[PDB]
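Coordinates from protein_2.txt are shown below (compact mmCIF, C-alpha atoms and all ligand atoms).
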```txt
# COMPACT_ATOMS: atom_id res chain seq x y z
CA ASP M 449 -120.21 21.54 59.91
CA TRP M 450 -118.62 18.13 60.37
CA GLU M 451 -120.46 16.98 63.49
CA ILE M 452 -121.81 13.45 63.20
CA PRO M 453 -125.25 13.16 64.89
CA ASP M 454 -125.68 10.79 67.85
CA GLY M 455 -126.28 7.16 66.91
CA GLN M 456 -124.86 7.22 63.38
CA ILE M 457 -121.58 5.54 64.35
CA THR M 458 -121.46 1.91 65.45
CA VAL M 459 -118.47 1.57 67.77
CA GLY M 460 -116.79 -1.83 67.75
CA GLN M 461 -113.45 -3.35 68.74
CA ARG M 462 -111.37 -1.37 71.22
CA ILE M 463 -107.99 -0.92 69.56
CA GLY M 464 -105.79 0.86 72.09
CA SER M 465 -105.44 3.73 74.53
CA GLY M 466 -103.40 6.87 75.10
CA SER M 467 -103.33 9.90 77.38
CA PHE M 468 -105.74 11.66 75.01
CA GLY M 469 -108.42 8.97 74.74
CA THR M 470 -109.36 5.47 73.58
CA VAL M 471 -109.36 4.33 69.95
CA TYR M 472 -112.07 2.03 68.60
CA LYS M 473 -112.91 0.74 65.13
CA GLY M 474 -116.29 1.89 63.84
CA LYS M 475 -118.95 1.79 61.14
CA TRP M 476 -119.93 4.98 59.31
CA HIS M 477 -120.53 4.73 55.56
CA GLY M 478 -117.89 2.03 55.78
CA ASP M 479 -115.01 1.63 58.23
CA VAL M 480 -114.00 4.52 60.49
CA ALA M 481 -111.75 5.11 63.48
CA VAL M 482 -113.25 6.67 66.61
CA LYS M 483 -111.13 8.29 69.31
CA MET M 484 -113.24 8.60 72.46
CA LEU M 485 -111.80 11.54 74.38
CA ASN M 486 -111.17 10.91 78.07
CA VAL M 487 -114.11 13.13 79.05
CA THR M 488 -117.21 11.73 80.77
CA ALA M 489 -119.27 14.92 80.63
CA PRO M 490 -118.21 18.07 78.71
CA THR M 491 -118.62 21.59 80.10
CA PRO M 492 -119.58 24.44 77.75
CA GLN M 493 -115.99 25.63 78.24
CA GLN M 494 -114.67 22.16 77.35
CA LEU M 495 -116.98 22.22 74.33
CA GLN M 496 -115.27 25.26 72.83
CA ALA M 497 -111.88 23.81 73.71
CA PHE M 498 -112.91 20.80 71.63
CA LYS M 499 -114.14 22.78 68.63
CA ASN M 500 -110.85 24.69 68.55
CA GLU M 501 -108.90 21.44 68.20
CA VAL M 502 -111.30 20.19 65.52
CA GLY M 503 -111.04 23.50 63.67
CA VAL M 504 -107.33 22.74 63.38
CA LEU M 505 -107.85 19.21 62.06
CA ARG M 506 -110.41 20.80 59.75
CA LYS M 507 -107.67 22.26 57.56
CA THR M 508 -105.85 19.01 56.80
CA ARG M 509 -106.41 17.70 53.27
CA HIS M 510 -103.42 15.56 52.28
CA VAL M 511 -102.81 11.93 51.28
CA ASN M 512 -100.05 11.49 53.88
CA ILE M 513 -102.03 13.10 56.69
CA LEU M 514 -104.58 10.82 58.37
CA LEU M 515 -108.02 11.70 56.99
CA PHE M 516 -110.15 13.61 59.49
CA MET M 517 -113.76 12.66 58.74
CA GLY M 518 -115.90 14.08 61.54
CA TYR M 519 -116.41 14.69 65.25
CA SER M 520 -118.91 13.66 67.90
CA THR M 521 -120.41 15.57 70.81
CA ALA M 522 -122.86 12.86 71.84
CA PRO M 523 -122.76 10.38 73.42
CA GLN M 524 -119.24 11.54 74.33
CA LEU M 525 -116.61 13.68 72.63
CA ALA M 526 -114.87 11.86 69.80
CA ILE M 527 -112.72 12.39 66.73
CA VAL M 528 -113.74 10.39 63.65
CA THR M 529 -111.15 9.57 60.98
CA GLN M 530 -110.43 7.01 58.28
CA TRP M 531 -109.56 3.42 59.13
CA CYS M 532 -105.93 2.45 58.47
CA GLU M 533 -105.36 -1.22 57.65
CA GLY M 534 -102.09 -2.84 58.66
CA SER M 535 -100.17 -1.29 61.55
CA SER M 536 -98.07 1.65 62.74
CA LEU M 537 -94.55 2.35 61.49
CA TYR M 538 -93.46 1.43 65.01
CA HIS M 539 -94.92 -2.08 64.79
CA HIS M 540 -93.12 -2.69 61.50
CA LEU M 541 -89.75 -1.27 62.55
CA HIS M 542 -89.68 -2.78 66.06
CA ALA M 543 -92.61 -5.16 66.66
CA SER M 544 -92.63 -7.48 63.63
CA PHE M 548 -88.50 -3.30 54.22
CA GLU M 549 -86.20 -2.75 51.24
CA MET M 550 -84.01 0.36 51.38
CA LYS M 551 -86.14 1.74 48.55
CA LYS M 552 -89.30 1.33 50.62
CA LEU M 553 -87.69 2.85 53.71
CA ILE M 554 -86.91 5.96 51.67
CA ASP M 555 -90.49 6.03 50.40
CA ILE M 556 -91.84 5.89 53.94
CA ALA M 557 -89.34 8.59 54.90
CA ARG M 558 -90.35 10.50 51.78
CA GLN M 559 -94.10 10.48 52.41
CA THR M 560 -93.60 11.57 56.02
CA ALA M 561 -91.75 14.67 54.82
CA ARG M 562 -94.59 15.38 52.40
CA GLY M 563 -97.03 15.21 55.30
CA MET M 564 -94.80 17.22 57.64
CA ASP M 565 -94.08 19.90 55.04
CA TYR M 566 -97.81 20.20 54.34
CA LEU M 567 -98.58 20.58 58.04
CA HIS M 568 -96.01 23.35 58.50
CA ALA M 569 -97.17 25.06 55.31
CA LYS M 570 -100.48 25.09 57.18
CA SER M 571 -98.44 26.39 60.13
CA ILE M 572 -99.33 23.28 62.14
CA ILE M 573 -96.81 21.93 64.65
CA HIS M 574 -97.37 18.20 65.14
CA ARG M 575 -95.63 18.43 68.53
CA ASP M 576 -95.33 14.65 68.86
CA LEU M 577 -94.11 13.04 65.64
CA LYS M 578 -92.98 9.46 66.25
CA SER M 579 -93.11 6.10 64.47
CA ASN M 580 -96.27 5.04 66.31
CA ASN M 581 -98.13 8.16 65.19
CA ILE M 582 -97.36 7.16 61.61
CA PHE M 583 -99.76 4.55 60.23
CA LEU M 584 -98.90 2.48 57.16
CA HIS M 585 -102.32 2.18 55.54
CA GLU M 586 -102.38 -0.87 53.27
CA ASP M 587 -98.68 -1.02 54.19
CA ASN M 588 -97.90 1.37 51.33
CA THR M 589 -99.22 4.81 52.23
CA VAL M 590 -98.11 6.86 55.25
CA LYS M 591 -100.78 8.38 57.51
CA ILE M 592 -99.60 10.92 60.09
CA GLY M 593 -102.00 11.39 62.99
CA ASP M 594 -102.32 12.30 66.67
CA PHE M 595 -101.28 15.91 66.08
CA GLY M 596 -104.82 16.98 66.97
CA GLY M 615 -94.54 9.94 77.67
CA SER M 616 -92.36 9.39 74.61
CA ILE M 617 -89.08 11.26 75.08
CA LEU M 618 -87.02 9.55 72.37
CA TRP M 619 -88.14 12.01 69.68
CA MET M 620 -87.85 15.13 71.84
CA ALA M 621 -85.42 17.89 70.85
CA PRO M 622 -82.93 19.07 73.50
CA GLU M 623 -84.65 22.47 73.78
CA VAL M 624 -87.92 20.59 74.31
CA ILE M 625 -86.55 18.45 77.15
CA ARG M 626 -85.18 21.36 79.20
CA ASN M 631 -91.08 28.86 72.20
CA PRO M 632 -90.04 25.30 73.19
CA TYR M 633 -92.30 23.60 70.62
CA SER M 634 -91.47 24.66 67.06
CA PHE M 635 -91.27 23.56 63.44
CA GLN M 636 -87.61 22.85 64.23
CA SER M 637 -88.45 20.53 67.13
CA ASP M 638 -90.75 18.71 64.70
CA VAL M 639 -87.74 18.44 62.38
CA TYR M 640 -85.75 16.77 65.17
CA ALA M 641 -88.55 14.28 65.76
CA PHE M 642 -88.32 13.52 62.05
CA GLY M 643 -84.58 12.94 62.39
CA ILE M 644 -85.25 10.30 65.03
CA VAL M 645 -87.81 8.74 62.70
CA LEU M 646 -85.13 8.74 60.01
CA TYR M 647 -82.91 7.01 62.55
CA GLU M 648 -85.57 4.38 63.19
CA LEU M 649 -85.88 3.66 59.48
CA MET M 650 -82.15 3.62 58.73
CA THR M 651 -81.09 1.58 61.76
CA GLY M 652 -84.22 -0.46 62.39
CA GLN M 653 -83.99 0.38 66.08
CA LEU M 654 -84.69 3.15 68.59
CA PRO M 655 -82.03 5.56 69.91
CA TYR M 656 -80.37 4.91 73.27
CA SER M 657 -81.36 1.23 73.24
CA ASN M 658 -78.18 0.38 75.13
CA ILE M 659 -79.16 3.01 77.71
CA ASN M 660 -82.49 1.84 79.16
CA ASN M 661 -82.97 4.72 81.59
CA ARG M 662 -85.49 7.49 81.00
CA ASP M 663 -84.12 10.00 83.51
CA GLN M 664 -80.66 9.24 82.16
CA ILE M 665 -81.68 9.96 78.56
CA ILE M 666 -83.70 13.01 79.61
CA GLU M 667 -80.73 14.38 81.56
CA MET M 668 -78.04 13.55 79.00
CA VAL M 669 -79.87 14.62 75.83
CA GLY M 670 -81.11 17.82 77.48
CA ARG M 671 -77.57 18.93 78.34
CA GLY M 672 -76.15 17.86 74.98
CA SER M 673 -73.97 14.96 76.12
CA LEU M 674 -76.05 12.35 74.30
CA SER M 675 -77.11 11.88 70.68
CA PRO M 676 -78.33 8.94 68.56
CA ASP M 677 -75.61 6.44 67.56
CA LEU M 678 -75.18 6.74 63.79
CA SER M 679 -72.91 3.70 63.62
CA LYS M 680 -76.10 1.64 63.61
CA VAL M 681 -77.28 2.78 60.18
CA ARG M 682 -76.68 0.07 57.58
CA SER M 683 -74.13 0.36 54.78
CA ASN M 684 -77.02 0.17 52.32
CA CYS M 685 -78.19 3.59 53.54
CA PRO M 686 -78.02 6.44 51.02
CA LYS M 687 -75.27 8.53 52.53
CA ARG M 688 -77.18 11.55 51.26
CA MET M 689 -79.78 10.56 53.86
CA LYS M 690 -77.44 10.37 56.84
CA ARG M 691 -76.18 13.88 56.12
CA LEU M 692 -79.83 14.95 56.15
CA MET M 693 -80.57 12.81 59.20
CA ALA M 694 -77.69 14.34 61.13
CA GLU M 695 -78.86 17.73 59.85
CA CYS M 696 -82.27 17.21 61.47
CA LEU M 697 -80.71 15.68 64.60
CA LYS M 698 -78.77 18.89 65.32
CA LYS M 699 -78.53 19.70 69.03
CA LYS M 700 -78.88 23.36 68.08
CA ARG M 701 -82.35 24.41 66.94
CA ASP M 702 -81.36 26.92 64.25
CA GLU M 703 -78.86 24.55 62.62
CA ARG M 704 -81.76 22.45 61.29
CA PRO M 705 -83.07 22.59 57.69
CA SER M 706 -86.74 23.41 57.09
CA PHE M 707 -89.07 20.72 55.75
CA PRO M 708 -89.23 22.24 52.26
CA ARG M 709 -85.47 21.63 52.20
CA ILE M 710 -85.89 18.17 53.75
CA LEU M 711 -88.57 17.32 51.19
CA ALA M 712 -86.63 18.63 48.20
CA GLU M 713 -83.54 16.83 49.49
CA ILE M 714 -85.17 13.42 49.92
CA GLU M 715 -87.10 13.87 46.67
CA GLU M 716 -83.90 14.75 44.83
CA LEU M 717 -81.89 11.93 46.42
CA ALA M 718 -84.86 9.71 45.55
CA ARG M 719 -84.97 9.76 41.73
CA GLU M 720 -82.32 7.03 41.64
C1 LIG X 801 -106.39 13.06 61.57
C2 LIG X 801 -105.82 13.78 62.79
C3 LIG X 801 -106.69 13.50 64.01
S1 LIG X 801 -105.79 13.28 65.54
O1 LIG X 801 -106.76 13.43 66.61
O2 LIG X 801 -104.67 14.18 65.44
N1 LIG X 801 -105.23 11.66 65.43
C4 LIG X 801 -106.17 10.58 65.52
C5 LIG X 801 -107.53 10.81 65.71
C6 LIG X 801 -108.42 9.74 65.79
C7 LIG X 801 -107.91 8.45 65.69
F1 LIG X 801 -108.77 7.43 65.77
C8 LIG X 801 -106.55 8.21 65.49
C9 LIG X 801 -106.05 6.83 65.38
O3 LIG X 801 -105.36 6.41 66.31
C10 LIG X 801 -106.40 6.03 64.21
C11 LIG X 801 -107.18 6.46 63.15
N2 LIG X 801 -107.30 5.46 62.24
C12 LIG X 801 -106.61 4.36 62.68
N3 LIG X 801 -106.54 3.20 62.00
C13 LIG X 801 -105.80 2.28 62.66
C14 LIG X 801 -105.16 2.43 63.89
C15 LIG X 801 -104.39 1.33 64.49
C16 LIG X 801 -104.86 0.00 64.39
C17 LIG X 801 -104.14 -1.06 64.96
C18 LIG X 801 -102.95 -0.79 65.64
CL1 LIG X 801 -102.07 -2.09 66.34
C19 LIG X 801 -102.47 0.51 65.75
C20 LIG X 801 -103.20 1.57 65.18
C21 LIG X 801 -105.29 3.67 64.53
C22 LIG X 801 -106.04 4.68 63.91
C23 LIG X 801 -105.69 9.28 65.42
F2 LIG X 801 -104.38 9.08 65.23
```
Produce structure tokens that represent the structure in this file.
Ligand SMILES: CCCS(=O)(=O)Nc1ccc(F)c(C(=O)c2c[nH]c3ncc(-c4ccc(Cl)cc4)cc23)c1F
Amino acid sequence: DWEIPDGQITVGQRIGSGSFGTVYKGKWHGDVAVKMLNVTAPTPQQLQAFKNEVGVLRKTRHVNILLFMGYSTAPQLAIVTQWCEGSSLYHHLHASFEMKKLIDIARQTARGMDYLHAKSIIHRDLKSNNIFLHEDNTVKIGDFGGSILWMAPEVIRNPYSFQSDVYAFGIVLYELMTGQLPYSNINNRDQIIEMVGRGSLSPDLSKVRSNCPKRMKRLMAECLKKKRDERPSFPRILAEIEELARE
């Protein structure tokens, strides 16, 4: 069992919030990250609901997948993981790399994503802010345990699939290769939701830089396919990036 008894974790600085819960930095045999679930008091039925989600995190052992370390039931429900120094991929790309590094970041993410799907785990919300650059070198994918820019057309209108995860990866590719989010010119949610859902809108690939491996863009566009079944699986995506990487 991976339950961490009450009192063992010293919760510190509040880092940020989300629909799910609040993230703090903590102390448990060194630095940890504690996600306080937005649940004052847990019902026995909520308790099982929690265990089921932990049982899914329980089967993630990979260097590119955020390290799940433990879970709390008291005081309140919480997920304990490793502490990632630096910032999210979002903060680097948009808030504050060499083309080689960009590929590496893109490469590690595929490793993590392929591992997850091999474990038959659909992230369901892959985006640059759920990708943490620990030490600014290693990629840590979390929050698989709002943002519509990474949502596949079939998701907007078995909606959630490995293939919709692939699309979210394509957008991530777009972030890396352009250094900016899709539909930046169009700052209207309902507009993007309406236009991408019907197939009239797609990321502008004229933004990618010349110094972008044009083996990538083919792959990017392959993952950004409007049609679900026209997308390559992650094994393919991994092999591809790995093969176009050797250079
Ligand atoms: C392992 C899978 C468990 S999950 O429930 O699916 N995901 C899951 C579960 C618990 C979490 F605490 C977190 C999480 O958020 C973080 C874990 N370590 C971190 N280190 C730094 C930052 C950070 C620091 C500073 C800025 Cl500015 C931004 C982020 C954020 C986190 C998480 F993503």
Exercise. Using all atoms listed in the file, which protein or nucleic acid residues are at most 8 Å from ligand LIG 801 (chain X), as a PyMOL selection string?
Worked result: chain M and resi 463-464+471-473+480-483+505+508+513-517+526-536+539+580-581+583+585+592-596
Problem set entry | Between atom CA of residue M:640 and atom CA of residue M:697 - distance in Å to one decimal |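 These two atoms are separated by 5.2 Å.
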Problem set entry | Å distance separating atom CA of residue M:540 from atom CA of residue M:653, one decimal place |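 Interatomic distance, atom CA of residue M:540 to atom CA of residue M:653: 10.7 Å.
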Exercise. Which residues, written as a ChimeraX atom specification, have at least one atom at most 12 Å from stretch 491-498 of chain M, with all atoms listed in the file counted and residues fewer than 2 positions away on the same chain left out?
Worked result: /M:451,485-489,500-505,519-522,524-527,596
For this session: Find the distance between atom CA of residue M:696 and atom CA of residue M:639 and write it in Å to one decimal.
Result: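 Separation of atom CA of residue M:696 and atom CA of residue M:639: 5.7 Å.
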Per-residue nearest contacts stretch 473-585 of chain M to stretch 684-694 of chain M, cut-off 10 Å, using only C-alpha atoms, as JSON lines:
```
{"residue": "M:549", "atom": "CA", "partner": "M:684", "partner_atom": "CA", "distance": 9.7}
{"residue": "M:550", "atom": "CA", "partner": "M:685", "partner_atom": "CA", "distance": 7.0}
{"residue": "M:551", "atom": "CA", "partner": "M:685", "partner_atom": "CA", "distance": 9.6}
{"residue": "M:553", "atom": "CA", "partner": "M:685", "partner_atom": "CA", "distance": 9.5}
{"residue": "M:554", "atom": "CA", "partner": "M:689", "partner_atom": "CA", "distance": 8.8}
{"residue": "M:557", "atom": "CA", "partner": "M:689", "partner_atom": "CA", "distance": 9.8}
```
If you keep C-alpha atoms, can you produce a file of those selected residues as a CSV table (one decimal), in the frame of the given file?
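Ended up saving to out09.csv:
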```csv
chain,number,residue,atom,x,y,z
M,549,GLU,CA,-86.2,-2.8,51.2
M,550,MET,CA,-84.0,0.4,51.4
M,551,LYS,CA,-86.1,1.7,48.6
M,553,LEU,CA,-87.7,2.8,53.7
M,554,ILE,CA,-86.9,6.0,51.7
M,557,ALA,CA,-89.3,8.6,54.9
```
Exercise. Which residue out of M:450, M:713, M:699, M:654 has the minimum interatomic distance to residue M:677 when all atoms listed in the file are used?
Worked result: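 Residue with the minimum atom-to-atom distance to residue M:677: M:654.
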Expected axis-aligned box over every listed atom of stretch 580-586 of chain M, 8 Å added per side, centre plus edges in Å to one decimal, as AutoDock Vina command-line options:
```
--center_x -99.3 --center_y 3.6 --center_z 59.8 --size_x 22.1 --size_y 25.0 --size_z 29.0
```
Problem set entry | Residue neighbourhood residue M:558, 9 Å, all atoms listed in the file, exclusion window fewer than 5 positions, as a ChimeraX atom specification | /M:553,563,711,714-715,718
Just write the chosen residues, C-alpha atoms, as a short mmCIF file (atom, residue, chain, number, x, y, z; two decimals), keeping the file's coordinate frame.
```
data_model
loop_
_atom_site.label_atom_id
_atom_site.label_comp_id
_atom_site.auth_asym_id
_atom_site.auth_seq_id
_atom_site.Cartn_x
_atom_site.Cartn_y
_atom_site.Cartn_z
CA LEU M 553 -87.69 2.85 53.71
CA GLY M 563 -97.03 15.21 55.30
CA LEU M 711 -88.57 17.32 51.19
CA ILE M 714 -85.17 13.42 49.92
CA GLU M 715 -87.10 13.87 46.67
CA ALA M 718 -84.86 9.71 45.55
#
```
Seminar exercise, completed: Closest of M:622, M:643, M:490, M:523 to residue M:577, counting only C-alpha atoms, is M:643
Exercise. What's the 7 Å shell around stretch 567-575 of chain M, counting all atoms listed in the file, without same-chain residues fewer than 6 positions away, as a list in words?
Worked result: residues 595, 633, 634, 635 and 638 of chain M
For this session: Could you check which of M:712, M:650, M:561, M:511 is closest to residue M:541, using all atoms listed in the file?
Result: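 Looking only at the distances to residue M:541, the closest residue turns out to be M:650.
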Problem set entry | Pick from M:548, M:647, M:642, M:476, whichever lies nearest to residue M:587 using all atoms listed in the file |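 Between M:548, M:647, M:642, M:476, the residue approaching residue M:587 most closely is M:548.
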Exercise. Nearest to residue M:621: which of M:666, M:564, M:582, M:556 is it, counting only C-alpha atoms?
Worked result: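 Result for the nearest residue to residue M:621: M:666.
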Can I get a file of stretch 480-494 of chain M from the given structure, C-alpha atoms kept, as a short mmCIF file (atom, residue, chain, number, x, y, z; two decimals), in the first residue's frame?
```cif
data_model
loop_
_atom_site.label_atom_id
_atom_site.label_comp_id
_atom_site.auth_asym_id
_atom_site.auth_seq_id
_atom_site.Cartn_x
_atom_site.Cartn_y
_atom_site.Cartn_z
CA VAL M 480 7.57 16.26 -2.67
CA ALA M 481 4.56 17.71 -4.46
CA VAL M 482 1.16 17.48 -2.79
CA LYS M 483 -2.10 17.89 -4.72
CA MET M 484 -4.87 18.58 -2.21
CA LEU M 485 -8.07 17.33 -3.85
CA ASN M 486 -10.99 19.75 -3.73
CA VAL M 487 -12.79 17.59 -1.15
CA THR M 488 -13.44 18.82 2.40
CA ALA M 489 -14.79 15.54 3.76
CA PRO M 490 -14.73 12.23 1.82
CA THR M 491 -17.65 9.79 1.78
CA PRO M 492 -16.96 6.03 1.78
CA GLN M 493 -18.15 6.14 -1.85
CA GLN M 494 -15.74 8.99 -2.61
#
```
